[PDB]
Each structure stands twice: as structure tokens, then as C-alpha cells.
>>> print(open('protein_3.pdb').read())   # PDB, C-alpha atoms
ATOM      1  CA  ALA A 674     -34.680   7.682   6.203
ATOM      2  CA  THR A 675     -32.851   9.523   9.006
ATOM      3  CA  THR A 676     -29.412  11.104   8.968
ATOM      4  CA  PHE A 677     -28.529   8.421  11.505
ATOM      5  CA  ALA A 678     -29.534   5.543   9.188
ATOM      6  CA  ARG A 679     -28.015   7.218   6.143
ATOM      7  CA  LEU A 680     -24.718   7.478   8.089
ATOM      8  CA  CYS A 681     -25.001   3.915   9.430
ATOM      9  CA  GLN A 682     -25.140   2.658   5.891
ATOM     10  CA  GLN A 683     -22.336   4.869   4.617
ATOM     11  CA  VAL A 684     -20.101   3.825   7.483
ATOM     12  CA  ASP A 685     -20.949   0.177   6.913
ATOM     13  CA  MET A 686     -20.162   0.287   3.210
ATOM     14  CA  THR A 687     -16.935   2.157   3.874
ATOM     15  CA  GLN A 688     -15.928  -0.317   6.566
ATOM     16  CA  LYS A 689     -16.521  -3.273   4.230
ATOM     17  CA  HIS A 690     -14.512  -1.630   1.470
ATOM     18  CA  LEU A 691     -11.573  -0.859   3.750
ATOM     19  CA  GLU A 692     -11.536  -4.420   5.172
ATOM     20  CA  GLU A 693     -11.422  -5.946   1.698
ATOM     21  CA  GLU A 694      -8.729  -3.452   0.639
ATOM     22  CA  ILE A 695      -6.614  -4.335   3.641
ATOM     23  CA  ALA A 696      -7.158  -8.058   3.152
ATOM     24  CA  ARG A 697      -6.221  -7.971  -0.526
ATOM     25  CA  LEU A 698      -3.177  -5.793   0.048
ATOM     26  CA  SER A 699      -1.928  -8.117   2.780
ATOM     27  CA  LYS A 700      -2.198 -11.104   0.465
ATOM     28  CA  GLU A 701      -0.492  -9.169  -2.333
ATOM     29  CA  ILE A 702       2.254  -8.092   0.077
ATOM     30  CA  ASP A 703       2.838 -11.738   0.986
ATOM     31  CA  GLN A 704       2.996 -12.700  -2.678
ATOM     32  CA  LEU A 705       5.505  -9.946  -3.388
ATOM     33  CA  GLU A 706       7.653 -10.961  -0.384
ATOM     34  CA  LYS A 707       7.718 -14.488  -1.804
ATOM     35  CA  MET A 708       8.680 -13.318  -5.333
ATOM     36  CA  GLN A 709      11.430 -11.242  -3.776
ATOM     37  CA  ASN A 710      12.762 -14.118  -1.641
ATOM     38  CA  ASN A 711      12.697 -16.354  -4.712
ATOM     39  CA  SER A 712      14.616 -13.808  -6.768
ATOM     40  CA  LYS A 713      17.257 -13.627  -4.053
ATOM     41  CA  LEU A 714      17.503 -17.410  -4.160
ATOM     42  CA  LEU A 715      18.063 -17.394  -7.913
ATOM     43  CA  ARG A 716      20.453 -14.485  -7.569
ATOM     44  CA  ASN A 717      22.374 -16.260  -4.796
ATOM     45  CA  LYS A 718      22.536 -19.440  -6.881
ATOM     46  CA  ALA A 719      23.991 -17.470  -9.767
ATOM     47  CA  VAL A 720      26.601 -15.835  -7.489
ATOM     48  CA  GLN A 721      27.623 -19.279  -6.120
ATOM     49  CA  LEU A 722      27.793 -20.633  -9.676
ATOM     50  CA  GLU A 723      29.969 -17.634 -10.535
ATOM     51  CA  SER A 724      32.420 -18.267  -7.744
ATOM     52  CA  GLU A 725      32.560 -21.948  -8.767
ATOM     53  CA  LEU A 726      33.369 -20.773 -12.305
ATOM     54  CA  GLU A 727      36.270 -18.693 -10.969
ATOM     55  CA  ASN A 728      37.611 -21.633  -8.984
ATOM     56  CA  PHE A 729      37.453 -23.716 -12.139
ATOM     57  CA  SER A 730      39.195 -20.991 -14.048
ATOM     58  CA  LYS A 731      41.934 -20.368 -11.491
ATOM     59  CA  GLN A 732      42.733 -24.070 -11.696
ATOM     60  CA  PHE A 733      42.441 -24.715 -15.463
ATOM     61  CA  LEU A 734      43.221 -21.338 -17.056
ATOM     62  CA  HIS A 735      45.815 -19.801 -14.770
TER      63      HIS A 735
ATOM     64  CA  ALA B 674      41.302 -25.524 -31.392
ATOM     65  CA  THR B 675      42.844 -26.594 -28.065
ATOM     66  CA  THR B 676      41.116 -27.783 -24.914
ATOM     67  CA  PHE B 677      42.473 -24.588 -23.376
ATOM     68  CA  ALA B 678      40.782 -22.326 -25.963
ATOM     69  CA  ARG B 679      37.595 -24.383 -25.952
ATOM     70  CA  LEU B 680      37.461 -23.920 -22.145
ATOM     71  CA  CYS B 681      38.359 -20.216 -22.367
ATOM     72  CA  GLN B 682      35.350 -19.679 -24.554
ATOM     73  CA  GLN B 683      33.001 -21.786 -22.452
ATOM     74  CA  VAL B 684      34.072 -19.986 -19.304
ATOM     75  CA  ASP B 685      33.673 -16.623 -21.003
ATOM     76  CA  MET B 686      30.170 -17.355 -22.241
ATOM     77  CA  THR B 687      29.173 -18.715 -18.848
ATOM     78  CA  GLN B 688      30.614 -15.680 -17.087
ATOM     79  CA  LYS B 689      28.676 -13.303 -19.356
ATOM     80  CA  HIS B 690      25.458 -15.222 -18.794
ATOM     81  CA  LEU B 691      25.850 -15.231 -15.015
ATOM     82  CA  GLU B 692      26.643 -11.481 -14.929
ATOM     83  CA  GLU B 693      23.523 -10.643 -16.921
ATOM     84  CA  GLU B 694      21.443 -12.997 -14.748
ATOM     85  CA  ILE B 695      22.710 -11.340 -11.599
ATOM     86  CA  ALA B 696      22.206  -7.856 -13.016
ATOM     87  CA  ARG B 697      18.640  -8.545 -14.121
ATOM     88  CA  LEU B 698      17.698 -10.242 -10.868
ATOM     89  CA  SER B 699      19.058  -7.321  -8.856
ATOM     90  CA  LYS B 700      16.960  -4.876 -10.850
ATOM     91  CA  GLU B 701      13.904  -7.120 -10.505
ATOM     92  CA  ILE B 702      14.541  -7.423  -6.762
ATOM     93  CA  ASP B 703      14.601  -3.630  -6.500
ATOM     94  CA  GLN B 704      11.358  -3.373  -8.447
ATOM     95  CA  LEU B 705       9.696  -5.934  -6.197
ATOM     96  CA  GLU B 706      10.932  -4.144  -3.044
ATOM     97  CA  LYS B 707       9.342  -0.966  -4.398
ATOM     98  CA  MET B 708       6.001  -2.680  -5.198
ATOM     99  CA  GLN B 709       6.029  -4.121  -1.702
ATOM    100  CA  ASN B 710       6.787  -0.766  -0.035
ATOM    101  CA  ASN B 711       4.025   0.823  -2.105
ATOM    102  CA  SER B 712       1.538  -1.853  -1.082
ATOM    103  CA  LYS B 713       2.392  -1.234   2.560
ATOM    104  CA  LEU B 714       1.773   2.463   1.988
ATOM    105  CA  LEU B 715      -1.659   1.790   0.517
ATOM    106  CA  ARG B 716      -2.361  -0.733   3.244
ATOM    107  CA  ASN B 717      -1.274   1.730   5.941
ATOM    108  CA  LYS B 718      -3.435   4.453   4.391
ATOM    109  CA  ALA B 719      -6.423   2.132   4.488
ATOM    110  CA  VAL B 720      -5.764   1.244   8.155
ATOM    111  CA  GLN B 721      -5.537   4.975   9.059
ATOM    112  CA  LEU B 722      -8.738   5.635   7.103
ATOM    113  CA  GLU B 723     -10.317   2.773   9.045
ATOM    114  CA  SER B 724      -9.383   4.181  12.413
ATOM    115  CA  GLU B 725     -10.698   7.593  11.299
ATOM    116  CA  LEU B 726     -13.965   5.855  10.367
ATOM    117  CA  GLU B 727     -14.203   4.385  13.875
ATOM    118  CA  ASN B 728     -13.581   7.774  15.460
ATOM    119  CA  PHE B 729     -16.346   9.188  13.298
ATOM    120  CA  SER B 730     -18.595   6.347  14.284
ATOM    121  CA  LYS B 731     -17.879   6.514  18.010
ATOM    122  CA  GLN B 732     -18.872  10.172  17.865
ATOM    123  CA  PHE B 733     -21.924  10.052  15.549
ATOM    124  CA  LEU B 734     -23.320   6.534  16.020
ATOM    125  CA  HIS B 735     -22.656   5.742  19.660
TER     126      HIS B 735
END
>>> encode(input="protein_3.pdb", output="C-alpha cells")
Amino acid sequence: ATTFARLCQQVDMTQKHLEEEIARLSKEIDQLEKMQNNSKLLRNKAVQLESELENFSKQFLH
Amino acid sequence: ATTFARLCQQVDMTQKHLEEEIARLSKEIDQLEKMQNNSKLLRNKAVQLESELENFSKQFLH
């Protein structure tokens, strides 16, 4: 009924919402770090493969 | 017709494929860096908002 209780509830709901937001965003951030690391892996593989191609070429086409 | 020409073509197709792979992955990596930076922004906002909530609370509920 009181301003105090009204505020206690508002603050509690807001706290819960922020905590969930922060928890979800942290998880999502982790997932995105992983997708980025994976893409670098694939990209690095492709660059290695490309330098192997050039070694092959310098030997058999030049 | 010759082994040489057959290999020239294979190497050329493979080079093109690797270049596109590397180009696409770089773009995707950039996009993922951006999504991650954005998530940190939102997450930081939420943490700031949370410490503002606690200041509000320490003043009006304690």
C-alpha cells in the first residue's frame, strides 16, 4: 500500500529484469565469441590451403 | 588436353574458391565482432542501470 512497498516491488522487478538481461547477454556474448573463433579457424584453414596450392603451383606450373 | 592444362584449370578453380571463402569469412568475422561489441554495450548499459538501481535503493529503501 505504501510508497515504500510500491518502490520495494518496483525495485525488485527491475532488479530481476536486469539480472536476466545480463545473464542472457553474457551467454550470447560467449556464443558469439565461439562463432568468431570458429570462423577464424575456417579462415585460417583456407589460407593454409591457399599457400599449399601456391607451393603446388610453383612446383608443377612454373 | 594435357596434364599441364588439366592442372592449370584445377588450380585456378581451387584458387577462386579459396579466395571467395576467405573473403566471405572475413566479412562474417567482422559482422560477428560487431554483434559481440553491441552485446557488450547492451550488457554494460544493463550493469550501469543496475548500479543506479542500487544507489536508488540505498537511498530510498535503507
>>> residues_around(input="protein_3.pdb", residues="residue 703 (chain A)", least_positions_apart="3", cutoff="12 Å", atoms="only C-alpha atoms", output="number ranges by chain")
A: 696-700, 706-710; B: 705-706, 708-710, 712-713
>>> resolve_selection(input="protein_3.pdb", expression="the PyMOL selection byres ((chain B) within 8 of (chain A))", output="PDB file with C-alpha atoms, keeping the file's coordinate frame")
ATOM      1  CA  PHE B 677      42.473 -24.588 -23.376  1.00  0.00           C
ATOM      2  CA  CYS B 681      38.359 -20.216 -22.367  1.00  0.00           C
ATOM      3  CA  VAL B 684      34.072 -19.986 -19.304  1.00  0.00           C
ATOM      4  CA  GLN B 688      30.614 -15.680 -17.087  1.00  0.00           C
ATOM      5  CA  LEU B 691      25.850 -15.231 -15.015  1.00  0.00           C
ATOM      6  CA  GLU B 694      21.443 -12.997 -14.748  1.00  0.00           C
ATOM      7  CA  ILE B 695      22.710 -11.340 -11.599  1.00  0.00           C
ATOM      8  CA  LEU B 698      17.698 -10.242 -10.868  1.00  0.00           C
ATOM      9  CA  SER B 699      19.058  -7.321  -8.856  1.00  0.00           C
ATOM     10  CA  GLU B 701      13.904  -7.120 -10.505  1.00  0.00           C
ATOM     11  CA  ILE B 702      14.541  -7.423  -6.762  1.00  0.00           C
ATOM     12  CA  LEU B 705       9.696  -5.934  -6.197  1.00  0.00           C
ATOM     13  CA  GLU B 706      10.932  -4.144  -3.044  1.00  0.00           C
ATOM     14  CA  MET B 708       6.001  -2.680  -5.198  1.00  0.00           C
ATOM     15  CA  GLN B 709       6.029  -4.121  -1.702  1.00  0.00           C
ATOM     16  CA  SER B 712       1.538  -1.853  -1.082  1.00  0.00           C
ATOM     17  CA  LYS B 713       2.392  -1.234   2.560  1.00  0.00           C
ATOM     18  CA  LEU B 715      -1.659   1.790   0.517  1.00  0.00           C
ATOM     19  CA  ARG B 716      -2.361  -0.733   3.244  1.00  0.00           C
ATOM     20  CA  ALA B 719      -6.423   2.132   4.488  1.00  0.00           C
ATOM     21  CA  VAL B 720      -5.764   1.244   8.155  1.00  0.00           C
ATOM     22  CA  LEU B 722      -8.738   5.635   7.103  1.00  0.00           C
ATOM     23  CA  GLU B 723     -10.317   2.773   9.045  1.00  0.00           C
ATOM     24  CA  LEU B 726     -13.965   5.855  10.367  1.00  0.00           C
ATOM     25  CA  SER B 730     -18.595   6.347  14.284  1.00  0.00           C
ATOM     26  CA  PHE B 733     -21.924  10.052  15.549  1.00  0.00           C
ATOM     27  CA  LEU B 734     -23.320   6.534  16.020  1.00  0.00           C
TER      28      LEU B 734
END
>>> calpha_fit_and_write(input="protein_3.pdb", fixed="chain A", moving="chain B", output="PDB file with C-alpha atoms, in the coordinates of the input")
ATOM      1  CA  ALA B 674     -34.680   7.682   6.202  1.00  0.00           C
ATOM      2  CA  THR B 675     -32.852   9.523   9.006  1.00  0.00           C
ATOM      3  CA  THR B 676     -29.412  11.104   8.968  1.00  0.00           C
ATOM      4  CA  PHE B 677     -28.529   8.421  11.505  1.00  0.00           C
ATOM      5  CA  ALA B 678     -29.534   5.542   9.188  1.00  0.00           C
ATOM      6  CA  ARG B 679     -28.015   7.218   6.143  1.00  0.00           C
ATOM      7  CA  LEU B 680     -24.718   7.478   8.089  1.00  0.00           C
ATOM      8  CA  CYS B 681     -25.001   3.915   9.430  1.00  0.00           C
ATOM      9  CA  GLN B 682     -25.140   2.658   5.891  1.00  0.00           C
ATOM     10  CA  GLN B 683     -22.336   4.869   4.617  1.00  0.00           C
ATOM     11  CA  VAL B 684     -20.101   3.825   7.483  1.00  0.00           C
ATOM     12  CA  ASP B 685     -20.949   0.177   6.912  1.00  0.00           C
ATOM     13  CA  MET B 686     -20.162   0.288   3.210  1.00  0.00           C
ATOM     14  CA  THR B 687     -16.935   2.158   3.874  1.00  0.00           C
ATOM     15  CA  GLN B 688     -15.927  -0.317   6.567  1.00  0.00           C
ATOM     16  CA  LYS B 689     -16.522  -3.273   4.230  1.00  0.00           C
ATOM     17  CA  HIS B 690     -14.512  -1.631   1.470  1.00  0.00           C
ATOM     18  CA  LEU B 691     -11.573  -0.860   3.750  1.00  0.00           C
ATOM     19  CA  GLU B 692     -11.537  -4.420   5.172  1.00  0.00           C
ATOM     20  CA  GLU B 693     -11.421  -5.945   1.699  1.00  0.00           C
ATOM     21  CA  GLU B 694      -8.729  -3.451   0.639  1.00  0.00           C
ATOM     22  CA  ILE B 695      -6.615  -4.335   3.641  1.00  0.00           C
ATOM     23  CA  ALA B 696      -7.158  -8.058   3.152  1.00  0.00           C
ATOM     24  CA  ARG B 697      -6.222  -7.971  -0.526  1.00  0.00           C
ATOM     25  CA  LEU B 698      -3.176  -5.793   0.048  1.00  0.00           C
ATOM     26  CA  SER B 699      -1.928  -8.117   2.781  1.00  0.00           C
ATOM     27  CA  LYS B 700      -2.199 -11.104   0.466  1.00  0.00           C
ATOM     28  CA  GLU B 701      -0.492  -9.169  -2.333  1.00  0.00           C
ATOM     29  CA  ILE B 702       2.254  -8.092   0.077  1.00  0.00           C
ATOM     30  CA  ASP B 703       2.838 -11.737   0.986  1.00  0.00           C
ATOM     31  CA  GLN B 704       2.997 -12.700  -2.677  1.00  0.00           C
ATOM     32  CA  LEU B 705       5.505  -9.945  -3.388  1.00  0.00           C
ATOM     33  CA  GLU B 706       7.653 -10.961  -0.384  1.00  0.00           C
ATOM     34  CA  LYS B 707       7.718 -14.488  -1.805  1.00  0.00           C
ATOM     35  CA  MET B 708       8.680 -13.318  -5.333  1.00  0.00           C
ATOM     36  CA  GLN B 709      11.430 -11.242  -3.776  1.00  0.00           C
ATOM     37  CA  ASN B 710      12.762 -14.119  -1.640  1.00  0.00           C
ATOM     38  CA  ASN B 711      12.697 -16.354  -4.712  1.00  0.00           C
ATOM     39  CA  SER B 712      14.616 -13.808  -6.768  1.00  0.00           C
ATOM     40  CA  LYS B 713      17.257 -13.628  -4.053  1.00  0.00           C
ATOM     41  CA  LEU B 714      17.503 -17.410  -4.160  1.00  0.00           C
ATOM     42  CA  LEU B 715      18.063 -17.394  -7.913  1.00  0.00           C
ATOM     43  CA  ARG B 716      20.454 -14.485  -7.569  1.00  0.00           C
ATOM     44  CA  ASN B 717      22.373 -16.260  -4.796  1.00  0.00           C
ATOM     45  CA  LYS B 718      22.536 -19.440  -6.881  1.00  0.00           C
ATOM     46  CA  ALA B 719      23.991 -17.470  -9.767  1.00  0.00           C
ATOM     47  CA  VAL B 720      26.600 -15.834  -7.489  1.00  0.00           C
ATOM     48  CA  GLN B 721      27.623 -19.279  -6.120  1.00  0.00           C
ATOM     49  CA  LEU B 722      27.793 -20.633  -9.676  1.00  0.00           C
ATOM     50  CA  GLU B 723      29.968 -17.634 -10.535  1.00  0.00           C
ATOM     51  CA  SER B 724      32.420 -18.268  -7.745  1.00  0.00           C
ATOM     52  CA  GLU B 725      32.560 -21.948  -8.767  1.00  0.00           C
ATOM     53  CA  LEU B 726      33.369 -20.773 -12.306  1.00  0.00           C
ATOM     54  CA  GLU B 727      36.270 -18.693 -10.970  1.00  0.00           C
ATOM     55  CA  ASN B 728      37.611 -21.633  -8.984  1.00  0.00           C
ATOM     56  CA  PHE B 729      37.453 -23.716 -12.140  1.00  0.00           C
ATOM     57  CA  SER B 730      39.195 -20.991 -14.048  1.00  0.00           C
ATOM     58  CA  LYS B 731      41.933 -20.368 -11.491  1.00  0.00           C
ATOM     59  CA  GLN B 732      42.734 -24.070 -11.696  1.00  0.00           C
ATOM     60  CA  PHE B 733      42.441 -24.715 -15.463  1.00  0.00           C
ATOM     61  CA  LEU B 734      43.221 -21.338 -17.055  1.00  0.00           C
ATOM     62  CA  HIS B 735      45.815 -19.801 -14.769  1.00  0.00           C
TER      63      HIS B 735
END
>>> atom_distance(input="protein_3.pdb", atom1="CA of residue 682 (chain B)", atom2="CA of residue 732 (chain A)")
15.5 Å
>>> axis_aligned_box(input="protein_3.pdb", around="region 692-698 of chain A", padding_each_side="8 Å", output="lines of an AutoDock Vina configuration file")
center_x = -7.4
center_y = -5.8
center_z = 2.3
size_x = 24.4
size_y = 20.6
size_z = 21.7
>>> atom_distance(input="protein_3.pdb", atom1="CA of residue 675 (chain B)", atom2="CA of residue 725 (chain A)")
22.4 Å
>>> build_atoms(input="protein_3.pdb", residues="region 716-734 of chain A", atoms="N, CA, C and O atoms", output="compact mmCIF listing (two decimals), keeping the file's coordinate frame")
# COMPACT_ATOMS: atom_id res chain seq x y z
N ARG A 716 19.30 -15.37 -7.51
CA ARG A 716 20.45 -14.48 -7.57
C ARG A 716 21.62 -15.06 -6.76
O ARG A 716 22.78 -14.97 -7.17
N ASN A 717 21.32 -15.66 -5.62
CA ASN A 717 22.37 -16.26 -4.80
C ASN A 717 22.97 -17.49 -5.49
O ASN A 717 24.17 -17.74 -5.38
N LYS A 718 22.12 -18.25 -6.17
CA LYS A 718 22.54 -19.44 -6.88
C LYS A 718 23.56 -19.00 -7.93
O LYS A 718 24.67 -19.53 -8.00
N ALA A 719 23.15 -18.02 -8.72
CA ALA A 719 23.99 -17.47 -9.77
C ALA A 719 25.34 -16.95 -9.23
O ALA A 719 26.38 -17.10 -9.88
N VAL A 720 25.34 -16.33 -8.05
CA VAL A 720 26.60 -15.84 -7.49
C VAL A 720 27.51 -17.02 -7.08
O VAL A 720 28.73 -16.97 -7.26
N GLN A 721 26.90 -18.08 -6.53
CA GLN A 721 27.62 -19.28 -6.12
C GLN A 721 28.25 -19.93 -7.37
O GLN A 721 29.43 -20.28 -7.39
N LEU A 722 27.41 -20.08 -8.39
CA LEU A 722 27.79 -20.63 -9.68
C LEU A 722 28.97 -19.81 -10.24
O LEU A 722 29.90 -20.35 -10.83
N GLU A 723 28.92 -18.51 -10.04
CA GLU A 723 29.97 -17.63 -10.54
C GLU A 723 31.26 -17.84 -9.77
O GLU A 723 32.35 -17.81 -10.34
N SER A 724 31.18 -18.06 -8.46
CA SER A 724 32.42 -18.27 -7.74
C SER A 724 32.97 -19.68 -8.03
O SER A 724 34.16 -19.93 -7.90
N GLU A 725 32.10 -20.61 -8.43
CA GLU A 725 32.56 -21.95 -8.77
C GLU A 725 33.31 -21.84 -10.11
O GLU A 725 34.34 -22.48 -10.32
N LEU A 726 32.76 -21.02 -11.01
CA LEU A 726 33.37 -20.77 -12.30
C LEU A 726 34.79 -20.23 -12.12
O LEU A 726 35.73 -20.67 -12.79
N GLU A 727 34.96 -19.27 -11.20
CA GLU A 727 36.27 -18.69 -10.97
C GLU A 727 37.23 -19.71 -10.34
O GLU A 727 38.43 -19.67 -10.59
N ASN A 728 36.73 -20.64 -9.55
CA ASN A 728 37.61 -21.63 -8.98
C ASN A 728 38.08 -22.55 -10.10
O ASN A 728 39.24 -22.98 -10.13
N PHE A 729 37.17 -22.86 -11.01
CA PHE A 729 37.45 -23.72 -12.14
C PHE A 729 38.51 -23.05 -13.01
O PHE A 729 39.48 -23.67 -13.46
N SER A 730 38.30 -21.77 -13.24
CA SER A 730 39.20 -20.99 -14.05
C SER A 730 40.58 -20.82 -13.40
O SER A 730 41.60 -20.93 -14.07
N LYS A 731 40.63 -20.55 -12.11
CA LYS A 731 41.93 -20.37 -11.49
C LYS A 731 42.73 -21.66 -11.56
O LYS A 731 43.95 -21.64 -11.56
N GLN A 732 42.04 -22.79 -11.61
CA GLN A 732 42.73 -24.07 -11.70
C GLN A 732 43.11 -24.47 -13.14
O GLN A 732 44.24 -24.91 -13.38
N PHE A 733 42.19 -24.32 -14.09
CA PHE A 733 42.44 -24.72 -15.46
C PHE A 733 42.88 -23.63 -16.45
O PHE A 733 43.28 -23.96 -17.57
N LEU A 734 42.82 -22.36 -16.09
CA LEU A 734 43.22 -21.34 -17.06
C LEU A 734 44.31 -20.40 -16.57
O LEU A 734 44.71 -19.49 -17.29
